[PDB]
Structure formats: structure tokens, C-alpha cells
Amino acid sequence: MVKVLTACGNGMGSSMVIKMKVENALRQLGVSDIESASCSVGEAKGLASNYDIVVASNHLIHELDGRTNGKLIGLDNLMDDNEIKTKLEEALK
């Protein structure tokens, strides 16, 4: 159903934690069926068009503008559950 890409330069453990936190926020909004993936910002340029939602650092989302027709969501802090929830609400609600 909903495909979400986390595009960031973090290490493997951190990347999994961000995907999980994004997924949790989506489930709070009532989105039940979610496919989550992560890769680098440079890799996301070529892949972002496949995804409904693309999440990245606010400092880098300009690298992804025009690479997807989906919701591009920027975060000042990628681990902040409260900003995550706020930015997803703002994009989707």
C-alpha cells in the first residue's frame, strides 16, 4: 500500500531506527499497510519516484525536489518522534 523511503547518510542501525520511527508515526495516523525502505540521499534521486512518501534531512531535501511526485518530508532532526509526527501530519492531514 503506502511506500515510504527514508533517504539519509546515516549508518545502518540509525537508518533502521529512522524508518521504524517514521512507520510508527504513520500508524498513529491510521495508515495500516506500509512498505519502508532506506538508502542514501544520492541513491534516492534515482529511486524516489517509486515511493509515496520520501523522508530526508531538511538541509538536503532540495537535492530531491523534482525527483518524485510523492510527499517530500524534511526533518531538522531525523530521530525526533515529535517532529516526525508533526511533519507527517502537516503533509498528509
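Residue numbers here begin at 1 and follow the sequence given.
Relative to one another, 60-68 and 43-51 have unequal mean CA B-factors, and 60-68 is the one with the higher figure. In this entry, 83-91 has the higher mean Cα B-factor, the comparison being between 2-10 and 83-91. Annotation for residue 25: CA B-factor lies in the middle third of the chain's modelled residues. Among the modelled residues of its chain, residue 78 has a C-alpha B-factor that falls in the highest third according to the deposited record. In the deposited entry, the Cα temperature factor of residue 31 sits in the top third of values across the chain's modelled residues.
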